[PDB]
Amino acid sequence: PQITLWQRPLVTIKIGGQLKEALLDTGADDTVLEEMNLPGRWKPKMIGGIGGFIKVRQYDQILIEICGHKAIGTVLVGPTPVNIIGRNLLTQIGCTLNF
């Protein structure tokens, strides 16, 4: 699809048996989701943006479905104010910026 930027680019995602709303974010290196349970081992990480840093749990090889496209990658879980789909998963669905 072609997603305009007149509004925030929010999409429905499917992850760990849950349906969540998330923002397609080209400015984010990583995918960051609000607190939720995920399977497997995890490692702590600090991620920073505007306002400073937050502590998150890093889960690897997580299956996530975005607009019918199945993608696998690292998902960060923590106290983010908005669910973000970062470049690590956008590349997997073939997402590009065009102008």
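All residue numbers are counted from 1 along the displayed sequence.
Colleague: Looking at the deposited entry, does 66-74 or 30-38 carry the larger mean Cα B-factor?
Modeller: The deposited B-factors put 66-74 ahead on the C-alpha mean.
Colleague: Which is higher on mean Cα B factor in this entry, 86-94 or 13-21?
Modeller: If you average the C-alpha B-factors of 13-21 and of 86-94, the larger mean comes out for 13-21.
Colleague: Place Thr4 in the lowest, middle or highest third of its chain's C-alpha B-factors, as listed in the PDB entry.
Modeller: CA B-factor rank for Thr4: middle third.
Colleague: Going by what the PDB entry lists, where does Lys55 fall on CA B-factor within its chain: lowest, middle or highest third?
Modeller: Lowest third of the chain for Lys55's C-alpha B-factor.
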